[PDB]
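Since the structure comes first, as structure tokens, the remarks are kept for the end.
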Amino acid sequence: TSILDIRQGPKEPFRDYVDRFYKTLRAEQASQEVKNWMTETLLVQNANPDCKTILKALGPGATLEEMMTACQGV
Amino acid sequence: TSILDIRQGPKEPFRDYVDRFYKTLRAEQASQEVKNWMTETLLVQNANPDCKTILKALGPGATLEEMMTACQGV
Amino acid sequence: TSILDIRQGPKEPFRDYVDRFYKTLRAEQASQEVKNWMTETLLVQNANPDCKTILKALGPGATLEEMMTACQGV
Amino acid sequence: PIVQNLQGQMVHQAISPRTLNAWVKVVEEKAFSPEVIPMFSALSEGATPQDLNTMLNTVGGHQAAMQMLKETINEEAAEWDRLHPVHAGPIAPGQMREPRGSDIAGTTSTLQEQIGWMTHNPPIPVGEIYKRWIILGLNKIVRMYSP
Amino acid sequence: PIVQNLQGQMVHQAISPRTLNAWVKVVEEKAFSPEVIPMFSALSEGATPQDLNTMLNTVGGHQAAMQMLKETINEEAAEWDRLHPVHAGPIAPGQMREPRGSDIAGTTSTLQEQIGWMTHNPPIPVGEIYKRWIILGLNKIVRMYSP
Amino acid sequence: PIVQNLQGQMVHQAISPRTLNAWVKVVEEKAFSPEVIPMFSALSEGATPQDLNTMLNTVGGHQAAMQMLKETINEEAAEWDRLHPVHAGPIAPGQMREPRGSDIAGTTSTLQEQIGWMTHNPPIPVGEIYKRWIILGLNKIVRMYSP
């Protein structure tokens, strides 16, 4: 399965999705800079509308514990 | 079971067939040159029509990752 | 169980019978010459009619891989 | 493998059965998963080519992958021979011969020869050259076997 | 087996129970599968004929195959005797006797005799000669037991 | 058992618990099957009479067989005494006494005595004499317990 095919379900907790992401990211062998680009970009983009909304409110500069606690009720 | 009796099913993924082939090839003890001849020849010949069609389009010079990714949807 | 009591079933593969024979032969302690006599003699004699027929066609001088492949369809 | 003895010399010692079995069990359980590569790397510490063919030959299953790897090992070996040409004139009595791709793959060399190269001064890291080919070929597999 | 001691000499040491049991377990699990041959080869590293009969005699089950192997071992042994005739005149006091097929099969030789031949200079590889017969006979079996 | 130490002498060392347990487990699993005899033979390598009674006494179950064996061991021992008469006159101060059937069975001898006989020059193989009685008695059992 390709990294672009990794997406969050409509009922799937973000948490279970983030695990899937760094597992597939774990099978990507690209430069770190590209993998940083993938992190800030693709993760949020394939996140579900309800959490996506939430993550837009965190702004930039956000870290994984704060994202992970931010989308917990969703 | 003989190597000539190894054939791909009509619904069987190529992949599962290629595994069977190099397992049986693993129990053949013939010269390497003969085993090379068996590789390029018998594998495609007993491959199913849908994939067989696919493999004919790869042309010669093809390697196993490209054959294996080529017949994946079939 | 005695070696004379070892016999092939009417539906039993020869193979399963030959295994039984050299297991019981494995518990006989007799001179090698006697055990050679037992091999060529008793094995065929207590073999079933269908395979017995087959084994008669191999003639003498036959070895175990050829007997074992000879009575395979039976 | 070739290990250091108490006396302070490098000598060959055989690999252990529960090491062997641990290699088997990893492959059984985690198949093509990436954790296989650090795992391999640890269990290949101080290992010979000969021991590395032993580990590859003792696999059961995943024969499409095992063939892809073989063919990668030969490609990488063909490339070794290409990049490093044979050297000028006859081999010196005082010296031992330079390896080829097939000596690195363990095929054309004997154990004592594999110990000569590694233990000698300078030493040549024929394990580490095969190791990269294995790891490279492991990347090929991992990337393919991603779904 | 005959192993090298710390002092720097080759001495005999007994084979281990969980090695024995690992041999048993391989046979239990993988029967006639090809992986049995590299596996055998690793576990037969530095092994004597005597240890090789021990391993063959400790099998349970697959008695048709065990008999086919025996008969292959004797054929290969008969062939050893044929190809290598006995040597000219009486045996020297200063020397030890040349092996026959049955010494290679371990049958007519004693352990100390098996250690004499292997440890002596030049050494003779009576393990490796039996090993090929075992591997050859393993091919016979594998080829037959293919379905 | 009596094993060779690093220093180059023969000294007694105790047998291991997972060796003991492996003896137990064999008997549990394969009962009277023939594979028990090579198995026994390997695990009895370098063993004393004392260790051999330990192994026989630690059996549970199959008490009819255990009694048949005992009675075979005593018969074979009675036969040792018959065939080898006691020697002429008093025992020398400079020498140690010849064994009887019961010293071979371990019964009338002490460990240090069992080590005297085996380690001394010439050595006497009281293990191997008991071993044949055990193997002979094992044949009796195997032949009976065939169905």
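The chains carry the letters A, B, C, D, E and F, assigned in the order they are written, with residues numbered from 1 in each.
The rule is simple: a contact is a pair of C-beta atoms (placed from the backbone, for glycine too) under 8 Å apart; a residue touches a chain by one contact, two chains touch by 3 or more.
Measuring from the average of all protein CA coordinates, the nearest chain centre is that of E. Looking across B-E, C-E or C-F, the pair that copies the B-D interface, with over half of its contact pairs the same by residue number, is C-E.
When the C-beta pairs in contact are tallied for B-E and for C-E, the bigger tally goes to C-E. Chain centres were defined as the mean of their Cα atoms; on that basis the chain farthest from subunit C turns out to be A.
Taking the mean of the C-alpha atoms as each chain's centre, subunit E and subunit F sit 28 Å apart.
We define each chain's centre as the mean of its Cα atoms; on that basis subunit D and subunit F are separated by 47 Å.
We define each chain's centre as the mean of its Cα atoms; on that basis subunit B and subunit C are separated by 40 Å.
Multi-chain contact residues of subunit C (touching two or more other chains): 26.
Multi-chain contact residues of subunit D (touching two or more other chains) are absent.
Chain contacts in this assembly follow no simple pattern; the graph is neither a line, a ring, a star nor complete. Under the touch rule stated earlier, the contacting chain pairs are A-D, B-D, B-E, C-E, C-F, D-E, E-F. Residues 34, 139, 142-143, 146-147 of subunit D are the ones that touch subunit A when the two sit in their complex. Subunit E contributes residues 4, 6, 18-19, 22, 30, 33, 35, 38-39, 41-43, 45-46 to its touches with subunit D in the complex. Chain contact summary for the complex, subunit B toward subunit E: residues 1-2, 26-27, 29.
The part of subunit D that touches subunit E in the complex is made up of residues 5-7, 11, 14-15, 17-18, 20-21, 54, 57-60. Residues 61-64, 66-68, 71, 140, 144 of subunit E are the ones that touch subunit C when the two sit in their complex.
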